[PDB]
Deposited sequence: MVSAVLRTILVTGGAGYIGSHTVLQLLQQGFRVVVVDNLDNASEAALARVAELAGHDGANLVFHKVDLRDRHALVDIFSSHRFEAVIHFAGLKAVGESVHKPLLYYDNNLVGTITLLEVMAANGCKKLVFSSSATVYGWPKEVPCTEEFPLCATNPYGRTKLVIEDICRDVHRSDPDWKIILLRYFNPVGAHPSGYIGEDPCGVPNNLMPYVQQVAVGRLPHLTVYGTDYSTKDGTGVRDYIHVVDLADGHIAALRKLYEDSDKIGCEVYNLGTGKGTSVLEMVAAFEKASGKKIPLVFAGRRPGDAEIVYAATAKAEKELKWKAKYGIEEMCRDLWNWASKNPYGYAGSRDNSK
């Protein structure tokens, strides 16, 4: 069984490719290497051992229709997992056309080529950013949707495109996965991430930054700092194995489904700092600051739908995430 993984050289994608190879899939990755190194997939192939030969890599942009058509014509794909996209919020505010072009034109082209080739099974990387600034927690998949920056708008637009495609053509089977806050690295520390709290904390721990600025101390949370659902990247990867299994075993009873991928636990900024201090043995000097414009106060997942319908629950906790980030970053201070 062969899976096309767009964006598979990136953070979540590379961890997912490793698990797919262990599960016995043939994997074809398409990635333009805009935001990733080819070394990530070389290392994934090493970690895959006996299954490393089942990984094929093509340096292709999804907007290159001809190149994409040739990839689909050379393989019979069971499904596509679509991680490719740009994701930096600040860059999206400064360069919105870059984001709308890359994310929307790349996705639309992929969907068209998929339909023309008869591959109508998709798993899409969405994000909890589509819940906006939620009025209540935990956030269920039925919550009101609204994006708060151009990057988030691209994710919500793509979800809506997928729902419209499914309504137009019931042969499509689509799973949208709303990831919460990814942290960590494979526990080998040989692959990992190469703009967010925990990467900043780790840089403070090694002295590359003098302090962590804490954005907001007057929130209505236990310690006054912002609260998020931090989820180990290996758990996120595993949720994609569950999504392929759902498409493989339960396609007759799904259409365009959406599931949160989170832990269901909210952890504050200071709690994550404390967990990282314990993992690293380092102190993280703090500067307390005002709220950061655009920040939600508290966001975490309602896990019930994923637990019952996707048959998936996260397995790793925040201390483990912090240890695995520390291990990767200590062994690889400059990434790959």
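Student: Give the ranges of the deposited sequence, numbered from 1, for which the structure holds no C-alpha coordinates, in sequence order.
Tutor: Missing CA coords at 1 to 6, 201 to 205, 348 to 355.
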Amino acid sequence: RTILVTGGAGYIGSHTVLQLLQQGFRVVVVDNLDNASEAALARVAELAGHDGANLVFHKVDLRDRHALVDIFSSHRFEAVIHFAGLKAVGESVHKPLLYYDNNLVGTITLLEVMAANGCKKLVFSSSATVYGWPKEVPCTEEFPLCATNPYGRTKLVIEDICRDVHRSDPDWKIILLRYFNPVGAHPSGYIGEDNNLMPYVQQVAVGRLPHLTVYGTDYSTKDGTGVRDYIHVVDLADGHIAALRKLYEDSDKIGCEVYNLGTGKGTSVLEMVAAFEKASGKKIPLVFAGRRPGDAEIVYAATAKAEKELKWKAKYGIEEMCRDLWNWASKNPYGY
From here on, numbers count along this sequence of modelled residues.
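Student: Test of understanding: from the entry's C-alpha B-factors, which stretch has the higher mean, 23 to 31 or 48 to 56?
Tutor: The stretch with the larger mean CA B-factor is 48 to 56.
Student: Comparing 202 to 210 with 174 to 182, which stretch shows the greater average C-alpha B-factor in the deposited entry?
Tutor: The recorded data point to 202 to 210.
Student: Looking at 241, 162, 227, 146, which has the highest CA B-factor as recorded?
Tutor: That would be 146.
Student: Report the option among 249, 112, 141, 235 whose CA atom has the maximum B-factor in the deposited record.
Tutor: Result of the comparison over 249, 112, 141, 235: 249.
Student: Lowest, middle or highest third: where is residue 153 by Cα B-factor in its chain?
Tutor: CA B-factor rank for residue 153: lowest third.
Student: Lowest, middle or highest third: where is residue 94 by C-alpha B factor in its chain?
Tutor: As the PDB entry reports it, the C-alpha B-factor of residue 94 lands in the middle third of its chain.
Student: By its CA B factor, does residue 137 count among the lowest, middle or highest third of the modelled residues in the chain?
Tutor: Ranked within chain, residue 137 CA B lands in the highest tercile.
Student: Considering only modelled residues of the same chain, in which third does the CA B-factor of residue 121 rank: lowest, middle or highest?
Tutor: As the PDB entry reports it, the C-alpha B-factor of residue 121 lands in the middle third of its chain.
Student: In terms of the CA temperature factor given in the entry, to which third of its chain does residue 187 belong: lowest, middle or highest?
Tutor: As the PDB entry reports it, the C-alpha B-factor of residue 187 lands in the lowest third of its chain.
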